[PDB]
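**Student:** One structure, as structure tokens, below. Some questions next.
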Amino acid sequence: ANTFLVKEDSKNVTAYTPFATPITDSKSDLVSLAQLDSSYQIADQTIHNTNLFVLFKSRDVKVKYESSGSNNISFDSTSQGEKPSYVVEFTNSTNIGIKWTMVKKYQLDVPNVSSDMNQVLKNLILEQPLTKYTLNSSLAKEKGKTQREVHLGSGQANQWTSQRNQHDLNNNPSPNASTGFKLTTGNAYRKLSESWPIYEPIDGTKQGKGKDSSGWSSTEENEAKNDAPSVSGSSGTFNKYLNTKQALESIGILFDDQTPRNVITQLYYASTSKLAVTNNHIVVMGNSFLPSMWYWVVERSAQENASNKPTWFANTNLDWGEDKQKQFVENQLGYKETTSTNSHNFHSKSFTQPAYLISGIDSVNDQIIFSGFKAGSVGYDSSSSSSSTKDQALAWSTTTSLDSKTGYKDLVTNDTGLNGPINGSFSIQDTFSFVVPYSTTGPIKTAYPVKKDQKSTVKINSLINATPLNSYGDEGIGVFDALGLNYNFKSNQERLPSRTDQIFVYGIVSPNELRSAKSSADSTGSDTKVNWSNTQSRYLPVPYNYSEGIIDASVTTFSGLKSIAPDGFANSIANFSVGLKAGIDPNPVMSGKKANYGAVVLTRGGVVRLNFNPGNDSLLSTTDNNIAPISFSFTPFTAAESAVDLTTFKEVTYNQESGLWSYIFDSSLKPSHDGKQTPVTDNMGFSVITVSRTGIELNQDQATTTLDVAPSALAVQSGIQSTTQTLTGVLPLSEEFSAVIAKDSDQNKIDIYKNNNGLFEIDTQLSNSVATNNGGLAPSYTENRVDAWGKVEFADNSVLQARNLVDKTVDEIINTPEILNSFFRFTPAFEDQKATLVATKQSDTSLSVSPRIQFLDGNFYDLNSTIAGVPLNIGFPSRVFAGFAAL
Ligand SMILES: [K+]
Ligand SMILES: [K+]
């Protein structure tokens with residue numbers, strides 16, 4: 001398709017030509033055309049074999065979780081909120097223009113809930129989502145019991161050597177290791193049936209109520225409402241809470257008046273955000289804002305008015321790399337036994353990581369690509385009565401030890417922190433570290449923080465965090481875990497990874513793999529599992545230089561950590577990802593081998609490159625355990641790219657000619673108000689980041705058959721940007737030129753940006769030239785000027801006598817391209833703009849010529865050029881030459 005589609009708002013999509021003009025009548029209310037009510041908006045859209053596929057979701061959607069009976073999750077039929085999300089396939093029915101017409105429609109239903117899932121969901125509790133305005137101090141939580149307060153109790157410290165063997169903690173040198181963090185304060189946790197508040201606390205160490213629903217509505221809510229009142233078209237203090245209602249509206253939180261709808265409705269709304277199409281499937285996943293606990297796998301072959309069922313992430317096993325890497329995640333999901341009446345959590349019911357913050361989803365060839373962060377999910381003790389971990393989340397640093405052999409496989413499979421706590425704070429001679437030094441009796445036993453005694457008489461249930469952090473523990477290991485600051489003291493000095501905090505996840509899912517996820521989703525009775533083995537994990541912290549004044553040699557923790565983050569987030573500890581796209585590399589490969597492809601995704605302070613073997617559509621790898629999985633490469637941002645507000649991400653396109661990704665950011669996406677209820681005024685403008693591959697690419701030649709280096713990428717603030725204008729769209733015409741449509745007032749203006757040695761700058765003269773289009777689809781040809789089409793000077797008729805061409809014939813001259821090229825002088829409008837003449841016998845004696853001329857997009861245009869089958873009628877000149885012979 002030689003046209004470009006452009007979402008002009010929540011409902012309408014319009015086709016643009018490469019001249020930044022709308023195709024007449026192509027502007028389409030797709031919501032209306034999908035026969036859906038006006039509460040529906042477009043969430044994502046895609047081209048697949050020339051048809052348009054659109055994901056719609058409703059602002060009216062309301063969802064219930066009744067934790068008793070069956071079919072536990074369902075839409076609120078009463079009022080009207082049975083407004084499920086739909087995927088729709090449109091085709092173009094005209095040959096002249098764009099008339100879209102609906103072909104298939106798919107309702108995305110609410111998940112089945114096996115009896116066995118529902119016991120976890122009874123007591124599942126979820127953190128309020130991270131916003132733009134959430135502070136490191138907001139996220140901090142009160143430090144929980146030490147490893148020996150839980151096991152031994154209130155007797156003494158100096159039993160720890162004699163007493164640890166009976167609690168299966170042999171040789172563990174960490175009685176003073178945290179078992180996580182208190183839920184009596186901090187960010188709010190809520191069950192699927194309750195609601196999150198609009199207030200976040202500035203110091204969650206002191207001002208949350210945490211999971212104490214009761215306490216909130218009884219005590220703390222009127223206090224926070226006193227401190228942080230909603231603007232009205234009072235203004236108050238903000239000593240203790242931010243009011244983030246508007247920043248919540250911003251990331252897709254839904255409301256009745258000033259109250260957010262229940263968690264289950266926010267999970268559903270946020271879970272229908274991204275789509276991707278194959279010949280056989282539509283897959284639908286969630287946004288990078290909320291954790292998503294399920295995805296949909298629609299079979300294109302599905303019947304009308306059917307009910308496409310989502311698959312639980314809890315039912316979907318990934319390869320985390322090595323096997324120990326997966327066990328780290330599951331061991332911290334909750335307490336496991338076959339002694340515990342009603343101690344029901346994801347780990348005890350034999351489920352796996354239940355929640356991802358999805359970066360996005362795409363299809364290449366016939367494969368779904370995805371990436372994301374593991375959303376923190378752990379045990380919390382929910383008992384009453386006098387249980388010592390009561391009201392406490394059970395979490396700990398799983399960060400490698402210092403003495404761990406350097407070499408990737410050896411680092412991520414180090415046994416340090418596998419079964420319970422060991423990390424905290426240590427000093428050897430006068431060298432300090434948060435990480436355990438070691439890793440003669442036997443082994444160094446880690447064990448889950450539940451006193452063997454009270455084992456049947458404890459209540460460990462599941463929680464899900466709003467970020468990629470397991471432990472909010474207001475201690476030093478927390479900051480080094482999240483920021484990437486645990487290093488060993490050896491020859492090379494190597495960064496020691498977490499296998500629980502800040503874990504990035506990516507993969508390629510095959511059609512058979514999809515067919516199981518659907519099979520899991522329709523299973524009646526018991527949970528059916530699904531293996532995605534084309535997948536990997538990676539420790540991916542936020543860059544430390546997004547913070548200040550951190551101490552190493554009072555040691556800095558989350559509650560005191562100064563953020564200087566420039567990427568539109570107040571916090572400097574939680575990582576974020578957005579806009580995963582794939583593309584096929586257009587740079588041919590040694591034949592005998594299939595097109596190379598990859599994907600990129602932005603993360604805090606860097607681009608990441610996903611690498612694949614197109615042979616067997618797998619992840620790239622190398623024989624060597626030592627070196628780090630070559631499926632992943634991270635390239636840090638420079639100051640210019642770090643300045644971009646990631647929370648304003650709008651769109652990402654690939655272009656197979658350039659082999660370049662364009663990330664568009666639109667500042668109109670900022671919330672109306674700050675957490676201090678101050679109006680936001682830097683909401684004008686936009687920014688484009690350009691990504692391109694680097695490194696030696698697979699199968700360029702005999703030597704590159706294999707690789708022990710990961711192909712990387714590079715993000716560049718391209719130079720296309722504005723703080724003044726309202727974006728409408730960015731047409732990436734070619735490697736050399738981009739077109740921005742925008743308003744300054746209320747009428748659209750076209751700017752052309754030109755690529756100068758890899759930096760794009762506005763060409764005021766090309767812009768005014770392309771804009772001069774007389775209300776037509778394409779820019780005017782102008783006889784005495786060098787406008788968008790350049791300037792064409794025809795030879796005088798007397799060039800024929802001059803060059804003895806009178807002796808040649810129309811029919812001869814027409815099959816001599818290089819002779820009629822000498823019938824004009826072209827002055828181009830941009831470097832290496834080309835132009836040919838096209839002849840046409842008019843008589844026995846005469847021909848005429850009309851030029852074929854390159855535009856910004858690389859393509860030639862002439863008198864018969866069409867876009868979407870609609871004649872452009874560009875108005876190039878013509879010329880008759882006469883006095884040729886008839887031999
Ligand atoms: K593996
Ligand atoms: K250039």
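Labels used: A, B, ... for chains in the order of the structure tokens, numbers from 1 for residues in each chain, and numbers from 1 for ligands as shown.
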How would you report the residues lying within 7 Å of ligand 2, as a PyMOL selection string, if you count only C-alpha atoms and all ligand atoms?
**Tutor:** chain A and resi 736+755-757
**Student:** I need the chosen residues saved as a PDB file, in the first residue's frame, with N, CA, C and O atoms.
**Tutor:**
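Output saved as selection_36.pdb:
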```
ATOM      1  N   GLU A 736      16.331   9.526   3.615  1.00  0.00           N
ATOM      2  CA  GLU A 736      16.772  10.923   3.404  1.00  0.00           C
ATOM      3  C   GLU A 736      15.718  11.913   3.910  1.00  0.00           C
ATOM      4  O   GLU A 736      16.110  12.973   4.357  1.00  0.00           O
ATOM      5  N   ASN A 755      17.696  14.659   5.910  1.00  0.00           N
ATOM      6  CA  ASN A 755      18.715  13.896   6.675  1.00  0.00           C
ATOM      7  C   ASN A 755      20.117  14.363   6.263  1.00  0.00           C
ATOM      8  O   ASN A 755      20.591  13.976   5.184  1.00  0.00           O
ATOM      9  N   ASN A 756      20.770  15.125   7.132  1.00  0.00           N
ATOM     10  CA  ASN A 756      22.153  15.645   6.957  1.00  0.00           C
ATOM     11  C   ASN A 756      23.171  14.790   7.737  1.00  0.00           C
ATOM     12  O   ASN A 756      23.338  15.029   8.927  1.00  0.00           O
ATOM     13  N   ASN A 757      23.845  13.839   7.084  1.00  0.00           N
ATOM     14  CA  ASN A 757      24.865  12.938   7.700  1.00  0.00           C
ATOM     15  C   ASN A 757      24.284  12.361   9.004  1.00  0.00           C
ATOM     16  O   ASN A 757      24.993  12.334  10.000  1.00  0.00           O
TER      17      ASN A 757
END
```
**Student:** Can you list, as a PyMOL selection string, every residue of region 229-360 of chain A that DSSP puts in alpha helix (DSSP H)?
**Tutor:** chain A and resi 245-250+263-271+323-331
**Student:** Could you pull out the residues sitting within 7 Å of ligand 1, using only C-alpha atoms and all ligand atoms, and write them as number ranges by chain?
**Tutor:** A: 319-323
**Student:** Write a file of the selected residues as an mmCIF file, in the first residue's frame, keeping N, CA, C and O atoms.
**Tutor:**
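Output file selection-v4.cif is given in full below:
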```cif
data_model
loop_
_atom_site.group_PDB
_atom_site.id
_atom_site.type_symbol
_atom_site.label_atom_id
_atom_site.label_comp_id
_atom_site.auth_asym_id
_atom_site.auth_seq_id
_atom_site.Cartn_x
_atom_site.Cartn_y
_atom_site.Cartn_z
ATOM 1 N N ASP A 319 11.044 -20.537 29.212
ATOM 2 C CA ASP A 319 12.502 -20.765 29.428
ATOM 3 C C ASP A 319 13.022 -19.393 29.896
ATOM 4 O O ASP A 319 12.932 -18.398 29.128
ATOM 5 N N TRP A 320 13.433 -19.287 31.155
ATOM 6 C CA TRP A 320 14.073 -18.078 31.745
ATOM 7 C C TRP A 320 15.579 -18.079 31.425
ATOM 8 O O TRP A 320 16.295 -17.237 31.967
ATOM 9 N N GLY A 321 16.032 -18.995 30.555
ATOM 10 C CA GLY A 321 17.451 -19.277 30.267
ATOM 11 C C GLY A 321 17.849 -20.644 30.792
ATOM 12 O O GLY A 321 17.475 -21.668 30.176
ATOM 13 N N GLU A 322 18.597 -20.671 31.891
ATOM 14 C CA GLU A 322 18.885 -21.903 32.663
ATOM 15 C C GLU A 322 17.651 -22.219 33.508
ATOM 16 O O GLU A 322 16.709 -21.414 33.489
ATOM 17 N N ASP A 323 17.629 -23.366 34.190
ATOM 18 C CA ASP A 323 16.402 -23.837 34.878
ATOM 19 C C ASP A 323 16.397 -23.187 36.247
ATOM 20 O O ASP A 323 15.326 -22.752 36.670
#
```
**Student:** What is the distance between CA of residue 410 (chain A) and CA of residue 575 (chain A), in Å to one decimal?
**Tutor:**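 Taking CA of residue 410 (chain A) as the start and CA of residue 575 (chain A) as the end point, the length is 25.0 Å.
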**Student:** Looking at A:489, A:480, A:296, A:312, which one is nearest to residue 404 (chain A), with distances taken over only C-alpha atoms?
**Tutor:**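 Of A:489, A:480, A:296, A:312, the one nearest residue 404 (chain A) is A:489, counting only C-alpha atoms.
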**Student:** Suppose you want the space between CA of residue 447 (chain A) and CA of residue 344 (chain A); what is it in Å?
**Tutor:**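 Straight-line distance from CA of residue 447 (chain A) to CA of residue 344 (chain A) works out to 19.0 Å.
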**Student:** Nearest to residue 212 (chain A) among A:93, A:498, A:72, A:382, with distances taken over only C-alpha atoms: which residue is it?
**Tutor:** A:382
**Student:** Out of A:599, A:551, A:482, A:835, which residue has the shortest atom-to-atom distance to residue 432 (chain A) when counting only C-alpha atoms?
**Tutor:**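 For residue 432 (chain A), the nearest of the candidates is A:551.
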**Student:** Check region 540-603 of chain A with DSSP on the backbone and list each residue it calls strand (DSSP E or B), as a VMD selection string.
**Tutor:** chain A and resid 547 to 548 562 to 563 577 to 584 597 to 603
**Student:** With C-alpha atoms retained, could you export that selection as a short mmCIF file (atom, residue, chain, number, x, y, z; two decimals), in the first residue's frame?
**Tutor:**
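This is the output file again10.cif:
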```cif
data_model
loop_
_atom_site.label_atom_id
_atom_site.label_comp_id
_atom_site.auth_asym_id
_atom_site.auth_seq_id
_atom_site.Cartn_x
_atom_site.Cartn_y
_atom_site.Cartn_z
CA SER A 547 20.16 9.14 40.55
CA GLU A 548 22.58 11.23 42.71
CA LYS A 562 17.58 11.40 44.93
CA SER A 563 16.04 10.89 41.45
CA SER A 577 9.76 -0.74 28.33
CA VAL A 578 7.58 0.42 25.39
CA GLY A 579 7.02 -0.14 21.62
CA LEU A 580 8.52 -3.47 20.66
CA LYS A 581 8.56 -3.63 16.84
CA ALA A 582 10.10 -6.21 14.49
CA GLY A 583 11.47 -5.77 10.96
CA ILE A 584 13.17 -7.82 8.25
CA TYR A 597 15.12 -10.20 11.13
CA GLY A 598 15.11 -8.73 14.62
CA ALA A 599 13.15 -6.47 16.94
CA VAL A 600 13.93 -3.43 19.14
CA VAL A 601 12.18 -2.03 22.26
CA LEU A 602 13.00 1.17 24.28
CA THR A 603 13.82 0.76 28.01
#
```
**Student:** Give me, as a PDB file with C-alpha atoms, in the first residue's frame, all polymer residues having an atom no more than 6 Å from region 36-51 of chain A, counting only C-alpha atoms and skipping those fewer than 6 positions away in the same chain.
**Tutor:**
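And here's part_28.pdb as it stands now:
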```pdb
ATOM      1  CA  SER A  10     -10.039   7.806  19.297  1.00  0.00           C
ATOM      2  CA  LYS A  11     -12.501   6.836  16.424  1.00  0.00           C
ATOM      3  CA  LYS A  57     -12.068  -1.211  23.927  1.00  0.00           C
ATOM      4  CA  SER A  58     -14.852   0.627  25.820  1.00  0.00           C
ATOM      5  CA  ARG A  59     -14.760   3.300  28.587  1.00  0.00           C
ATOM      6  CA  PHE A  90     -11.409  -4.556   7.674  1.00  0.00           C
ATOM      7  CA  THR A  91     -10.642  -4.873   3.949  1.00  0.00           C
ATOM      8  CA  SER A 273      -4.029  -2.857  24.495  1.00  0.00           C
ATOM      9  CA  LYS A 274      -1.771  -4.393  21.730  1.00  0.00           C
TER      10      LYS A 274
END
```
